[PDB]
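For reference, target15.csv is printed below; it contains CSV, C-alpha atoms.
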chain,number,residue,atom,x,y,z
L,1,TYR,CA,-16.4,50.3,31.3
L,2,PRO,CA,-14.3,52.5,28.9
L,3,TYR,CA,-14.3,55.8,30.9
L,4,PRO,CA,-13.4,56.8,34.4
L,5,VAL,CA,-16.4,58.3,36.1
L,6,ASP,CA,-14.8,61.8,36.2
L,7,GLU,CA,-13.6,62.0,32.6
L,8,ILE,CA,-15.2,64.8,30.8
L,9,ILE,CA,-16.3,64.4,27.2
L,10,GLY,CA,-18.6,66.9,25.4
L,11,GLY,CA,-19.0,68.7,28.7
L,12,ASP,CA,-20.4,65.8,30.7
L,13,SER,CA,-19.0,62.9,32.8
L,14,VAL,CA,-20.6,59.9,34.4
L,15,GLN,CA,-20.6,61.8,37.7
L,16,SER,CA,-22.2,64.9,36.2
L,17,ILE,CA,-25.0,62.8,34.6
L,18,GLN,CA,-25.4,61.0,37.9
L,19,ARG,CA,-25.8,64.3,39.7
L,20,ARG,CA,-28.5,65.4,37.2
L,21,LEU,CA,-30.3,62.0,37.6
L,22,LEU,CA,-30.3,62.5,41.4
L,23,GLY,CA,-32.1,65.8,40.9
L,24,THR,CA,-33.2,67.4,44.3
L,25,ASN,CA,-32.3,64.1,46.1
L,26,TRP,CA,-29.4,65.8,48.0
L,27,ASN,CA,-28.9,63.0,50.6
L,28,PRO,CA,-29.5,59.8,48.5
L,29,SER,CA,-29.5,56.3,49.9
L,30,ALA,CA,-26.8,53.9,48.8
L,31,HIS,CA,-29.5,52.3,46.7
L,32,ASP,CA,-30.3,55.5,44.8
L,33,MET,CA,-26.6,56.2,44.3
L,34,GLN,CA,-26.2,52.7,42.8
L,35,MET,CA,-29.2,53.0,40.5
L,36,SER,CA,-28.2,56.5,39.3
L,37,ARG,CA,-24.6,55.3,38.7
L,38,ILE,CA,-25.7,52.4,36.5
L,39,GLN,CA,-28.1,54.6,34.5
L,40,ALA,CA,-25.4,57.4,34.2
L,41,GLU,CA,-22.8,55.0,32.8
L,42,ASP,CA,-25.3,53.8,30.2
L,43,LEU,CA,-26.3,57.3,29.2
L,44,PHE,CA,-22.7,58.5,29.1
L,45,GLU,CA,-21.4,55.7,26.8
L,46,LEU,CA,-24.1,56.4,24.3
L,47,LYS,CA,-23.7,60.2,24.4
L,48,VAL,CA,-20.0,59.8,23.7
L,49,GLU,CA,-20.7,57.6,20.7
L,50,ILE,CA,-23.1,60.3,19.3
L,51,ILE,CA,-20.8,63.2,20.2
L,52,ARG,CA,-17.8,61.5,18.4
L,53,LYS,CA,-19.9,60.8,15.4
L,54,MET,CA,-21.2,64.4,15.2
L,55,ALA,CA,-17.7,65.8,15.8
L,56,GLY,CA,-16.7,64.5,12.4
L,57,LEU,CA,-20.0,65.0,10.6
L,58,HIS,CA,-20.1,68.6,11.9
L,59,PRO,CA,-16.6,70.0,12.3
L,60,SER,CA,-17.9,73.6,12.8
L,61,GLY,CA,-19.8,72.4,16.0
L,62,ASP,CA,-17.9,72.3,19.3
L,63,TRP,CA,-19.0,68.6,19.8
L,64,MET,CA,-16.0,67.6,22.0
L,65,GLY,CA,-16.4,70.6,24.2
L,66,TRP,CA,-20.2,71.2,24.4
L,67,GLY,CA,-21.9,68.3,22.6
L,68,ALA,CA,-23.5,66.8,25.7
L,69,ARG,CA,-25.6,69.9,26.1
L,70,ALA,CA,-27.0,69.3,22.6
L,71,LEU,CA,-28.3,65.9,23.8
L,72,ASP,CA,-30.4,67.3,26.8
L,73,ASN,CA,-34.2,67.0,26.7
L,74,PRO,CA,-36.1,70.0,28.1
L,75,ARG,CA,-39.3,67.9,28.5
L,76,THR,CA,-37.9,65.2,30.9
L,77,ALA,CA,-37.8,65.4,34.7
L,78,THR,CA,-34.0,65.4,34.9
L,79,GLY,CA,-33.2,67.1,31.5
L,80,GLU,CA,-31.5,63.9,30.4
L,81,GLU,CA,-32.6,62.2,27.2
L,82,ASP,CA,-34.4,58.9,27.3
L,83,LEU,CA,-32.0,55.9,26.7
L,84,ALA,CA,-34.0,54.4,23.9
L,85,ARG,CA,-34.2,57.8,22.2
L,86,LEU,CA,-30.5,58.2,22.3
L,87,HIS,CA,-30.2,54.7,20.7
L,88,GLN,CA,-32.7,55.8,18.0
L,89,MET,CA,-30.6,59.0,17.3
L,90,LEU,CA,-27.3,57.0,17.1
L,91,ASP,CA,-29.0,54.5,14.7
L,92,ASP,CA,-30.2,57.4,12.5
L,93,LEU,CA,-26.7,58.9,12.3
L,94,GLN,CA,-25.0,55.5,11.7
L,95,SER,CA,-27.5,54.7,8.9
L,96,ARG,CA,-27.8,58.0,7.2
L,97,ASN,CA,-25.0,60.2,8.4
L,98,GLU,CA,-25.4,63.9,7.3
L,99,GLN,CA,-28.6,63.0,5.4
L,100,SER,CA,-30.4,62.2,8.7
L,101,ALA,CA,-33.0,64.3,10.6
L,102,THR,CA,-30.9,63.6,13.7
L,103,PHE,CA,-27.8,65.2,12.1
L,104,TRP,CA,-29.7,68.4,11.3
L,105,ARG,CA,-31.5,68.6,14.6
L,106,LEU,CA,-28.2,68.3,16.4
L,107,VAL,CA,-26.4,70.8,14.2
L,108,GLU,CA,-29.0,73.4,15.1
L,109,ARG,CA,-28.8,72.7,18.8
L,110,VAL,CA,-25.0,72.6,19.4
L,111,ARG,CA,-22.7,75.5,20.3
L,112,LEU,CA,-20.3,76.4,17.4
L,113,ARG,CA,-16.6,76.9,17.7
L,114,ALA,CA,-17.1,80.2,15.8
Conversion result in structure tokens:
Amino acid sequence: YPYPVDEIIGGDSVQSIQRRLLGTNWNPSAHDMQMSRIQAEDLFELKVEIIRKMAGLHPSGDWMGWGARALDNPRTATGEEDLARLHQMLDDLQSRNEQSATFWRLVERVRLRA
């Protein structure tokens, strides 16, 4: 796995995503810790790929500092985006770059440098 669990990219880390996945489960079993860690690693790796892509497509956006917040979903239980949806977003950016709906949606969401 390419990232230590405490390395922060775009304002998130594996550990911070795991904490969000755990939600109100303040005393999780070892089983729930394992499950949330595996899911958090998968989400983080994908988020980083999207954030790095957007950082170049959108230099005015503070992608490396705050990009993870632009990938939240207000309609999910944890606020994390669905894994398959993140894959769809990355495919859209890889296929169509700044001509994609994903590019424009993310440009509108993200905090700017200025």
Excluding same-chain residues fewer than 3 positions from residue 108 of chain L, what lies within 12 Å of it counting all atoms listed in the file, as an MDAnalysis selection string? chainID L and resid 54 58 60:62 67 70:71 101:105 111:112
What lies within 12 Å of residue 63 of chain L using only C-alpha atoms, ignoring chain neighbours under 3 positions off, as an mmCIF file with C-alpha atoms, in the frame of the given file?
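File written: result.cif
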data_model
loop_
_atom_site.group_PDB
_atom_site.id
_atom_site.type_symbol
_atom_site.label_atom_id
_atom_site.label_comp_id
_atom_site.auth_asym_id
_atom_site.auth_seq_id
_atom_site.Cartn_x
_atom_site.Cartn_y
_atom_site.Cartn_z
ATOM 1 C CA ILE L 9 -16.300 64.400 27.200
ATOM 2 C CA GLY L 10 -18.600 66.900 25.400
ATOM 3 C CA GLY L 11 -19.000 68.700 28.700
ATOM 4 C CA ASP L 12 -20.400 65.800 30.700
ATOM 5 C CA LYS L 47 -23.700 60.200 24.400
ATOM 6 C CA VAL L 48 -20.000 59.800 23.700
ATOM 7 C CA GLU L 49 -20.700 57.600 20.700
ATOM 8 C CA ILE L 50 -23.100 60.300 19.300
ATOM 9 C CA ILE L 51 -20.800 63.200 20.200
ATOM 10 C CA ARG L 52 -17.800 61.500 18.400
ATOM 11 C CA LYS L 53 -19.900 60.800 15.400
ATOM 12 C CA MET L 54 -21.200 64.400 15.200
ATOM 13 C CA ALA L 55 -17.700 65.800 15.800
ATOM 14 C CA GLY L 56 -16.700 64.500 12.400
ATOM 15 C CA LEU L 57 -20.000 65.000 10.600
ATOM 16 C CA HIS L 58 -20.100 68.600 11.900
ATOM 17 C CA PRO L 59 -16.600 70.000 12.300
ATOM 18 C CA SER L 60 -17.900 73.600 12.800
ATOM 19 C CA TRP L 66 -20.200 71.200 24.400
ATOM 20 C CA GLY L 67 -21.900 68.300 22.600
ATOM 21 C CA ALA L 68 -23.500 66.800 25.700
ATOM 22 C CA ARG L 69 -25.600 69.900 26.100
ATOM 23 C CA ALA L 70 -27.000 69.300 22.600
ATOM 24 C CA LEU L 71 -28.300 65.900 23.800
ATOM 25 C CA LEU L 106 -28.200 68.300 16.400
ATOM 26 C CA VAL L 107 -26.400 70.800 14.200
ATOM 27 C CA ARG L 109 -28.800 72.700 18.800
ATOM 28 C CA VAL L 110 -25.000 72.600 19.400
ATOM 29 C CA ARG L 111 -22.700 75.500 20.300
ATOM 30 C CA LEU L 112 -20.300 76.400 17.400
ATOM 31 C CA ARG L 113 -16.600 76.900 17.700
#
Dig up all the protein and nucleic acid residues within 10 Å of (-30.8, 58.3, 28.4) in the file frame, using all atoms listed in the file, and format them as a tab-separated table (two decimals) with C-alpha atoms, keeping the file's coordinate frame.
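Result written to point-v5.tsv:
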chain	number	residue	atom	x	y	z
L	17	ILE	CA	-25.00	62.80	34.60
L	21	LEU	CA	-30.30	62.00	37.60
L	39	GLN	CA	-28.10	54.60	34.50
L	40	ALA	CA	-25.40	57.40	34.20
L	41	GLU	CA	-22.80	55.00	32.80
L	42	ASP	CA	-25.30	53.80	30.20
L	43	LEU	CA	-26.30	57.30	29.20
L	44	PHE	CA	-22.70	58.50	29.10
L	45	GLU	CA	-21.40	55.70	26.80
L	46	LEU	CA	-24.10	56.40	24.30
L	47	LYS	CA	-23.70	60.20	24.40
L	71	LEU	CA	-28.30	65.90	23.80
L	72	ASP	CA	-30.40	67.30	26.80
L	73	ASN	CA	-34.20	67.00	26.70
L	79	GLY	CA	-33.20	67.10	31.50
L	80	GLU	CA	-31.50	63.90	30.40
L	81	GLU	CA	-32.60	62.20	27.20
L	82	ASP	CA	-34.40	58.90	27.30
L	83	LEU	CA	-32.00	55.90	26.70
L	84	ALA	CA	-34.00	54.40	23.90
L	85	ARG	CA	-34.20	57.80	22.20
L	86	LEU	CA	-30.50	58.20	22.30
L	87	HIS	CA	-30.20	54.70	20.70
Rounded to one decimal, what separation in Å do you get between atom CA of residue 16 of chain L and atom CA of residue 32 of chain L?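 Value for the atom CA of residue 16 of chain L-atom CA of residue 32 of chain L distance: 15.1 Å.
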Contacts of residue 37 of chain L at 8 Å (all atoms listed in the file; same-chain gap of 4+ positions) as an MDAnalysis selection string: chainID L and resid 14:15 18 33 41
Separation of atom CA of residue 77 of chain L from atom CA of residue 8 of chain L in Å: 22.9 Å
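For the pair atom CA of residue 74 of chain L and atom CA of residue 98 of chain L, the interatomic distance is 24.2 Å.
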